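What follows is the residue order along each chain.
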Amino acid sequence: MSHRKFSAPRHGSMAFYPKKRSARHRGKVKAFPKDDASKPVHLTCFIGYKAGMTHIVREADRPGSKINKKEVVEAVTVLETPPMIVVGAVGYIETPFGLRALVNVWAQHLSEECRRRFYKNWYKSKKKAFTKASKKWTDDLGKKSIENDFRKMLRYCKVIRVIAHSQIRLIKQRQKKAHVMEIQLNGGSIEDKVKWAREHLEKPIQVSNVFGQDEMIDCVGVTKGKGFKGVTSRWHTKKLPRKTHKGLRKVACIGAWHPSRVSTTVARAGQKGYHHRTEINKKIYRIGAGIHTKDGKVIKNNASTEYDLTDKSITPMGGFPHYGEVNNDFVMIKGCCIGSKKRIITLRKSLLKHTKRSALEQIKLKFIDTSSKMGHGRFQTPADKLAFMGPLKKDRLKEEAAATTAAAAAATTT
RNA sequence: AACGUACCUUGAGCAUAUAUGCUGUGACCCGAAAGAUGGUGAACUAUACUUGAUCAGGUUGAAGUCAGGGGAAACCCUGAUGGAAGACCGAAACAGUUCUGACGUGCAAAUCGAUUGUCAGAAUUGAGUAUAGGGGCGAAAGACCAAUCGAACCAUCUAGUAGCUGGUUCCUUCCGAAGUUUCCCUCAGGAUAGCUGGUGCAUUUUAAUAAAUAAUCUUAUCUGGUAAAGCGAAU
RNA sequence: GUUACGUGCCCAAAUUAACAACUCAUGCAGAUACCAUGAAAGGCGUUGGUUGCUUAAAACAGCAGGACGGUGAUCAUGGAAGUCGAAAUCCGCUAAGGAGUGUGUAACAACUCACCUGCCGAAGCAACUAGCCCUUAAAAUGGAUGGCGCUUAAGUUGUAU
RNA sequence: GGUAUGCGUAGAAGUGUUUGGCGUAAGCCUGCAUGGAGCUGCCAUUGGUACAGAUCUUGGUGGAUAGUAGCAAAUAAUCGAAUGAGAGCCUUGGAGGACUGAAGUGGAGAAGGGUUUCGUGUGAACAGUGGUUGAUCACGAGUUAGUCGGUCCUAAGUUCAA
RNA sequence: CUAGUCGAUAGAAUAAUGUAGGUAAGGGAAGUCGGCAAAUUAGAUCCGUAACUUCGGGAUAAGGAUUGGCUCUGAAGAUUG
RNA sequence: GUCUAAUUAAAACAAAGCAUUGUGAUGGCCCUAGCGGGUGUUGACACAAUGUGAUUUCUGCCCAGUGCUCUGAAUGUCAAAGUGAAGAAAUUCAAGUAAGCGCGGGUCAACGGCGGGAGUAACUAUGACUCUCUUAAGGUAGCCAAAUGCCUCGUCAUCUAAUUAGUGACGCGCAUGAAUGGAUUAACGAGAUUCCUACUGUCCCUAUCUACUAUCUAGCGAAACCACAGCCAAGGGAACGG
RNA sequence: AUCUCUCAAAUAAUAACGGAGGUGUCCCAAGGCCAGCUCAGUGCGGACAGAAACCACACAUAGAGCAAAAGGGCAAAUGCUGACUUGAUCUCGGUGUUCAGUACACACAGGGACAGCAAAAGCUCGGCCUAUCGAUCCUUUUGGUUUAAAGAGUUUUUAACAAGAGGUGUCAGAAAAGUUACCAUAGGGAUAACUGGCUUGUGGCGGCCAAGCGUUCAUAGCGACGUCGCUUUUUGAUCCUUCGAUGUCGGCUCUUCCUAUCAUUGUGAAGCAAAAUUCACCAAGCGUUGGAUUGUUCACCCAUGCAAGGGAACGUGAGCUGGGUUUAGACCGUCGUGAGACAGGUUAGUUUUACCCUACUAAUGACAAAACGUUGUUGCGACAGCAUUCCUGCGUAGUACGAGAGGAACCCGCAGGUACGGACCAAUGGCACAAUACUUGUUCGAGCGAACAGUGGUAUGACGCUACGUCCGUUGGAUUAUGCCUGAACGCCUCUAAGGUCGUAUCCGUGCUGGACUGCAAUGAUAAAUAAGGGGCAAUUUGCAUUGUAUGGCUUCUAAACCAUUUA
RNA sequence: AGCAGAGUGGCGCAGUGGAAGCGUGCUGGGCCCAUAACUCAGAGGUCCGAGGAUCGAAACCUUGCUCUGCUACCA
RNA sequence: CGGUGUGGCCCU
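Brief notes about the overall build of chain A
Working step 1: A tally of regular secondary structure across chain A gives five helices and 17 strands.
Working step 2: Against the globule reference of 22 Å for 414 residues, chain A gives a C-alpha radius of gyration of 27 Å, more extended than a compact globule.
Working step 3: Each of the three principal axes of chain A carries a C-alpha extent, and together these read 100 × 80 × 60 Å.
Working step 4: Counting over 414 residues, chain A shows a buried share of 37%.
Working step 5: Pairs at least 24 apart in sequence give 75% of the contacts found in chain A among residues at least 6 apart.
Working step 6: Counting only carbon and sulfur atoms, one obtains 56% of the accessible surface of chain A, whose full area is about 26,100 Å².
Working step 7: Of the side chains in chain A, 86 bear a positive and 35 a negative charge, and the two mean positions are spaced by 15 Å.

What follows is the structure, given as structure tokens:
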């Protein structure tokens, strides 16, 4: 009569949770797969934006399952991302109190749309950074500054990370400012990274050398937030019965009598969502590269794989809702990328040692549903729309007056 | 000459001032449920009376009457016409049920909002008039009698009593207890001795510039059945 | 100026120009009377003992030889013949071989013990008694020698100054 | 009541005090600053005599808040013009949206109110917000009868000639 | 419509919980003290009506069908015959 | 139809009906400090006082205890005045001696009552029976684990996937019962007690949307309450601290 | 009130609703006192003669009697018997134990008298001593032959003094029946129901020795007869705190901790073949349910489960609920004559305030402080939290194994699934752009609307938001339980005596979420104006002025060593 | 826990210190054509157990055993 | 004019 009498779950796993609105809007990488050699000598992570979910058809190559050699429709998430710019390289050393940051010099030519993370009122600004520090590539520079410090990366340093832009200007968004992110090189024999990084300043980096077909990846970013929701939903605690003046929808018993306190674990009224989140080992499906300028028009293999062969793009008709003009190159990953609309989402490499079968299975995909989401799928492409539907008293049928006036245009000159 | 005496055995009281108590009225202080003598109000409400007044539209067909039809008579038989009953569902009139929902420092010293019952009579009601504080009145609950009802309401005899609780106001110096026996319709209190404090007063070669005492051991002398024993004594 | 509790340190005073031994703890080893704990019963855990034996005619441990017949006389036939269990009952043999020690051996047997001697040659062994540790000994908020802590002690004991 | 040829508008009582001091202590003495008319010391007496308290009486005043609680029922107000020191109102008048629905938030009667009805004029409390108008004040007027009605008659009943 | 009112502190603002008005795919009392808040039913015509009855009921039993708008015919009267 | 107005609307109340009870006027019931009033503008088919409760259907036995009246045959009590005797007298007794209570009946639709013991049937079990005990007379006709049976979560079918319940029937019934009223009851309930039919966010389990609040801002602006007061553990304590 | 025996620790005194009891009487002899004469028993006896009578004789230290309870005394008595008599008398005052050294009462020694027995001396002022009992007011006798009646007689009455008696057993003395669930008050923890608290007969709870059982076999598992021990869930105990109020029983929601462990991980035991199951050590990490009646904890079902364990601040009413219970209505059965109780049954009933301060979820943040600025961006982790879970099938195979029957769902791999956990929305489910189409009622004269019915009702309905859908949820390092490793003091062995190792959902760490609220790291910018200033470079070149430190020139120092795994 | 108590012939009861009391059964005969009824006759008692006191106890006393009554709390 | 019940089952 005084001990629970039906033991049960609790709700809301107290590990994650002092559950506050995060200390960072960026994607804090939190860690990297440690220091491995004969491994991805190149980068550890990448900078991605979120722009919707687009419905992939495929099948797997399982052992004797119940869908084995039988085709399915599993959801995908587009974490679109343009290439980035590397402009500096930070070295590190080791204390018994932590991993102290020692040396980085930035490259001499920052991007103007990445010269904004340092200011805050840029319309008011006189645009005076980097004035002083960038002219350190104009002096003697090596006997005093750079090869001194590069030797300090050579002699002293062990863990080198490099810094990275996010070329936001190639996605038309209402944000219009960069996102500086650290990225760690992960080879061995540190001077090979110094030879790597000193040639990788002021150069672009696209996802091709960073990622490929059928890799695992981790979606470290912010979540969509909510705001101050309640007590009944904010950890999924049940309804008290109907009769409750003082609440159909609150949590009853907060402590016992003794001791004379209130713990932090009790179901409390506390801010919902907008935490930091990451779940790990999300599986890549498709990488593509579809802007322009290869021979002529390029947009192909995005709306298609080799069983539909119809080009248009991974764009919907009228684009992803609240997000959607995928101009750039992009990746295609799995069920629920985290974070709301238009986000900033970081993606570091995986950490487990996969003996699970359902990580390594290489398969193509079969069909990308290129429909809207602002409606429902009744067609596929607006190019295909004139196959079913014929004349339409609109631009389909208004253009016959634009034809007789074009016929009157030759009658105008003659 | 035996014994009782508040008795004289050469006198000591009064007159007041002071201080401490004990006692009698306001009896250190305020305090209670109630008892009394007088007047008081039916202006909600119990309630009869008088005289006024109002309470929509709707379904169910009571006697009585009405020919058609059967049959020997008694007459049985559908059809209507007829609008009666403390009859029904419902509205302003009223009531107040379940939600135990809305405020519970209200809209309020009892109301609002959903819901539910009667609704042509034991009905509903404006005015006039009766009924009175240990009684009026009560289709009966000790309901109601002016926000009070197992006795109101307002001034007194009323600073009514309390073994029962609260507070019982300036400083230092000196001294420093009780919680026990008895008695008592006492067992939460009082008297009673006990302890304490005060007031001096008589005096020691134990009081004034011992050969006399009162308290602890000795010395000596009586005093008890508890340990320890004791069952090869009683019981 | 100096004392009836106590000095590693918060704590004022010794980690004493005072030591002899004590006690190893794997989930509270213990720590200053009342006082805020621990019993019944063990220990090839240790350290002190009392009483028994036995050994230099060399013991223990340790590896060598024998181990039955008179007699299957006999008790026991689910076997008794040495042997589930035996009334009995000696001896012969011999340094040492017993109507017998034997694996829930039903017969004969097989068979090693006891025993004596080889072998090694200074201590060994039986119960007994009682210091600490040791098992005992299980509570709900997480925290108690009073905390920090200690271990040829700051510890449980007798004590010097 | 006796007393000190007692100080007192050339500042007497209390009130403050970072002036100074006496007692073991209660308490005084003292300097300055208010203040404006009366006061204390010795010794005899003495009364309704000193307060932290009484769920103490009365009168200010806190924190919470002096800006939190909450002013959430009755469909719901709106631009433009005034005027005004200043207008979401009310204060109007111009539009024009919706309510009250004739068992009304409409027009006039009873009991009770008692000058509220009306014009004129307005500053502050009054109208749990404002305020130029108000059921507040200021200041003026305002209710006409033979027929409307009290008046007569009597009803239950006041017990009301001796 | 007729009469009269905007009089209930205001411009703003999409948090909980509460305050009242709701719908929610499956099953449908398991829920909880309990079928209580809440849902279906609701008007009228046409049938169709069970046991028990004091033969007045129970009776709206239950159990059902039917029900717009628009275009028409059929019927129920009065005066002068 | 009525009531607890402000927590009890119902199983309390209220009937209609039915059997009683006093009274023929000098009256019965009754207010009355006293004089005169109410019942009563009246008169047993009227008044007064009751217990019940439509009706349908039957009113079980008992007058001991007290309540009660009596056309009540009454030496056993019994008061003053008044009458007798003694006594100088206050006083002492005598003869007396009415109503009451006791005494004699009548009565329960007046309160309230309405037992156990052994034995006993060609199995057992029983008890149709037989004996005895004792009372004012022994619970009768019907009901029932009833709204009322401690033992209780009774014993038995059924409703149920599985039911301390609700129905049925069974009677040793702690303490069932005939107007302190018994047993059936048709019509209605803001009545309780359970299983179907319909059913729906009651729930499995929350999903969301509109109405004004908070909230935030401009005016407005208080109240209870408060030793000063706020970081917990273990130990002490007046024994669950700040 | 009152009496004894102890309780009482050797004077006395004395406790509780401690133990054993007793008393409200009884006796003209059971009194007073002289006289004779000794019983309890038991032996041998004796017509009828035993347990039977009555006589006789011995032993008779009291083993009896003494009115009564129990103690004490008691031997030519204090008993048996006998004689004879009223001292169970009048009187005066003191003294004993009750204690205040009171009163009553009861005993005791006198002085005086009058006697009574005995020859005398003596003995006697009631029972052999510890009980065998009462104060005023009056009523009332007995009384001197007594005074008073207030002017004086006489006579009767009352009145008084003195001894008793009628009487007060709640025993120092009122005359005395009930209940209030309509109840109103002074108060009390001096005194309970509830919550805590020490205690544990009660019960859950283990230990030990083995009488036996277990076919044999005491000890696999068991363990009787008896032996001794912890917990606080109840069950009483007790009265320590709150009576000027601690809102007291259940379920719901909900954090938590707890081992005496149900089942899951790692073993070991067996009468452990296997399957199955039992024992026992370590182990709190997730798990321990959906329902019928009841108001429940338990109880008992039905079912899932390859499987359903106990417990904590009476957890919790400013979170509810109010079904019981513990007010006011109301019926019933008995018990009381009744108003009226019923740890028995029915039904009906207001369940209140938070804005205070910490506590806690989320919200922003300052002067200052500091190996220093105003302000960036990008970093590090001390630090605190810590969550994934267990089943299932198919292989493994009818294989091993087992005589077979049965059966390793063995190790692992594969597929899946449960619960929570973290999230998103493409599709599908929900809710509605109250946008739009059909639409009733009324006004807008008629034709558009959605004009208004506080959202008219209806159907579809995109953004979102959401669950019923979706995608996900992991790896390092020690080391208990344990097996072994080598090895002696203990010549042998031997898992320890020190030593190297195999190992768990446990615990620690990565892994994931907040971060000395404002700790920390490098790193960017560094001003108005460029007339004039501002700000650095400055630790400085340049004086005045101040602090600090070696204070008598030095109570300075110096920042360069003692392995480079590890040892009395 | 006081207390109302009771326990007697096979069974039922009556019995207040001098007795073993009544009735029904049970037992025998007569009566009967045979069984019942009828008639005569006989038989039937640690008086619940252990004690108390005494001239004697079923009764008087308390004490235990059996058994109702009868309401009360809560090692 | 007083009372008076009962007779195990089957035998040309």
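Brief notes about the protein's contact with RNA strand E
Working step 1: Near RNA strand E the following residues occur: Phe 228, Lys 229, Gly 230, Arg 242, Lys 243, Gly 247, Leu 248, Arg 249 and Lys 250.
Working step 2: Here a phosphate oxygen of RNA strand E and a backbone polar atom of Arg 249 are 3.4 Å apart.
Working step 3: Between RNA strand E and the protein, one listed contact pairs a sugar or linking oxygen with a side-chain N or O atom of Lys 250 at 2.7 Å.
Working step 4: Of the residues assigned to the surface near RNA strand E, the class counts are two nonpolar, two polar and five charged.

Focus: the sheet that holds strand 4 (residues 77-80)
Hydrogen bonds between backbone atoms are what pair the strands of a sheet, whose relative direction is either parallel or antiparallel.
Working step 1: On the basis of which strands lie adjacent, the open sheet formed by three strands has the order 4-15-14 and antiparallel pairing. Two strands bound the open sheet, and with one partner strand each, they are strand 4 and strand 14 (286-288). Neighbour-to-neighbour, the strand axes of the sheet open up by a mean angle of 20 degrees, direction not taken into account.
Working step 2: Pairing geometry for strand 4 and strand 15 (residues 330-333), over four bridges, is antiparallel. Counterpart to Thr 77 in the pairing with strand 15 is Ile 333.

Comments concerning the pattern of salt bridges
Working step 1: Counted according to the given criterion, the structure contains nine salt bridges.
Working step 2: One salt bridge connects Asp 140 with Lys 143, and the closest N-O pair in it is separated by 3.6 Å. Take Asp 140 and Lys 143: they sit in the same class, and that class is exposed.
Working step 3: Between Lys 283 and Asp 214 there is a salt bridge, with its nearest N and O atoms 3.9 Å apart. Here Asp 214 lies in the loop between helix 3 (207-210) and strand 9 (216-222) and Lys 283 lies in strand 13 (residues 282-283), a separation of 69 residues in the sequence. The residues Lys 283 and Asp 214 share a single accessibility class, namely buried.

Concerning empty space enclosed by the protein
To find the voids left in a structure, one rolls a probe of water-molecule size over its atoms.
Working step 1: This model, assessed by the stated rule, comprises six cavities of 30 Å³ or more.
Working step 2: As for the largest cavity, its lining consists of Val 105, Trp 106, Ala 107, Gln 108, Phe 130, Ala 133, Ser 134, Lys 136, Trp 137 and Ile 146.
Working step 3: Its residues placed into classes, the lining of the largest cavity shows seven nonpolar, two polar and one charged.
Working step 4: Here the second largest cavity defines a volume of roughly 50 Å³.
Working step 5: In terms of lining, the second largest cavity is formed by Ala 89, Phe 150, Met 153, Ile 160, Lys 193, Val 194, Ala 197, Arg 198 and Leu 201.

Topic: the packing of aromatic side chains
Working step 1: Inspection of the entire model under this criterion finds four aromatic pairs.
Working step 2: An angle of 65 degrees between the planes, with centres 4.8 Å apart, marks the rings of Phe 118 and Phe 130 as edge-to-face. Remark: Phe 130 occurs in the loop between strand 5 (84-90) and helix 1 (146-155) and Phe 118 occurs in the loop between strand 5 and helix 1; sequence separation between them is 12 residues.
Working step 3: Under the relative-accessibility criterion, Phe 118 is labelled partly exposed at 44%.
Working step 4: Grouped by ring-pair contacts, the aromatic residues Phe 16, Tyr 17 and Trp 235 constitute a single cluster.
Working step 5: For the cation-ring pair, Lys 19 lies above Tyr 17, with the distance from its terminal atom to the ring centre recorded as 4.5 Å.
Working step 6: For the cation-ring pair, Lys 127 lies above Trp 122, with the distance from its terminal atom to the ring centre recorded as 4.9 Å.

What to know about the layout of surface pockets
Working step 1: Within this model, the largest pocket holds a volume of roughly 720 Å³.
Working step 2: What lines the largest pocket is a set of 21 residues, among which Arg 4, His 11, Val 251, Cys 253 and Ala 267 lie closest to the centre.
Working step 3: Across the lining of the largest pocket, the residue classes break down as 12 nonpolar, four polar and five charged.
Working step 4: The space that makes up the second largest pocket amounts to roughly 530 Å³.
Working step 5: Together, 21 residues line the second largest pocket, and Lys 39, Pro 40, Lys 349, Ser 350 and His 354 are the ones closest to its centre.
Working step 6: Looking at the lining of the second largest pocket residue by residue, the classes come out as nine nonpolar, five polar and seven charged.

Digging into the side chain of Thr 232
Working step 1: Considering the arrangement of structural elements, one finds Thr 232 in the loop between strand 10 (225-227) and strand 11 (272-273).
Working step 2: You can call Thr 232 buried: its relative accessible area is 17%.
Working step 3: Setting aside chain neighbours within four positions, we find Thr 232 in contact with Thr 237, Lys 238, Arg 249 and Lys 250.

A look at the pairing of strand 6 (residues 161-164)
Working step 1: In this structure, strand 5 lies alongside strand 6, joined through four bridges in antiparallel fashion. Across the sheet, residue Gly 88 finds its bridge partner in strand 6, namely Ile 163.
Working step 2: Bridge count between strand 6 and strand 7 (residues 181-184): four bridges; the pairing is antiparallel. Of the residues in strand 7, the one forming a bridge with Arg 161 is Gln 184.

Section: a positive patch on the surface
Working step 1: Together, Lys 126, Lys 128, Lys 132 and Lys 135 give the surface a local cluster of positive charge.
Working step 2: With respect to the secondary-structure elements, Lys 135 resides in the loop between strand 5 and helix 1.

Reading the values: rules and limits
- Sequence-order numbering is used: residues on each chain count from 1 as written, possibly diverging from the entry numbering, and only residues with coordinates are shown.
- Labels follow written order: the first chain is A, the first ligand is 1, and so on.
- Each value listed describes the chains present in this view, a part of a larger assembly.
- Side-chain descriptors were evaluated using all non-hydrogen atoms of the structure, hydrogens and water having been removed beforehand.
- Only DSSP runs of H or I with at least four residues qualify as helices, and only runs of E with at least two residues qualify as strands; both kinds are numbered from the N terminus onward.
- Radius of gyration: over C-alpha atoms. The globule rule applied is 2.2 Å multiplied by the number of residues raised to the 0.38 power.
- For the exposure calls, accessible area comes from a 1.4 Å probe over protein chains only, and a residue counts as buried if that area is under 20% of its type's maximum, exposed if over 50%, partly exposed in between.
- Here, residues are in contact when the closest pair of their heavy atoms is within 4.5 Å.
- Per-residue accessibility takes into account occlusion by the displayed protein chains alone, with areas from the Shrake-Rupley method and a 1.4 Å probe.
- Under the convention used here, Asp and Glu are negative, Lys and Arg are positive, and both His and the chain ends fall outside the count.
- In plain terms, the charge of a residue is placed at NZ if it is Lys, CZ if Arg, CG if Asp and CD if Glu.
- By convention in this text, a residue qualifies as near a molecule or strand provided that one of its non-hydrogen atoms is within 4 Å of it.
- Distance and chemistry together define a polar contact, namely a pair of N or O atoms within 3.5 Å, with one atom able to donate a hydrogen and the other to accept it when in protein, and with adjacent residues in sequence counting only for side-chain atoms on both sides.
- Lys, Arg, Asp and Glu make up the charged group, whereas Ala, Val, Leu, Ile, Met, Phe, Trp, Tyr, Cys and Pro make up the nonpolar group; the residues left over, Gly among them, are polar.
- At least two DSSP bridges between two strands are required for those strands to pair.
- Axis definition: a line fitted to C-alpha atoms, over the contacting stretch in the case of helices. Angles run 0 to 180 degrees between N-to-C directions.
- One side-chain nitrogen of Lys or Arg within 4 Å of one carboxyl oxygen of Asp or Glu is enough to make a salt bridge.
- Here the term cavity refers to a set of points on a 1 Å grid, laid over the protein atoms alone, in which a 1.4 Å probe fits but cannot get out; the term pocket refers to an open set having protein on both sides within 12 Å along at least five of seven lines, with lining residues being those that place an atom within 4 Å of a point.
- Grid points are joined across faces, edges and corners, and a volume is the space filled by probe spheres set on the points.
- The pairing test for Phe, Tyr and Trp rings, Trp by its six-membered ring, is centres within 6.5 Å, and the orientation test on the planes gives stacked under 30 degrees, edge-to-face over 60, and tilted for anything in between.
- Cation placement over rings: the criterion is NZ of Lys or CZ of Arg within 6 Å of the ring centroid and within 35° of the ring normal.
- What makes a patch is a set of residues exposed beyond 30% relative accessible area and free of salt bridges, joined within 9 Å when like-charged and within 5 Å when nonpolar (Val, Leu, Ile, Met, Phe, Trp, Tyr).

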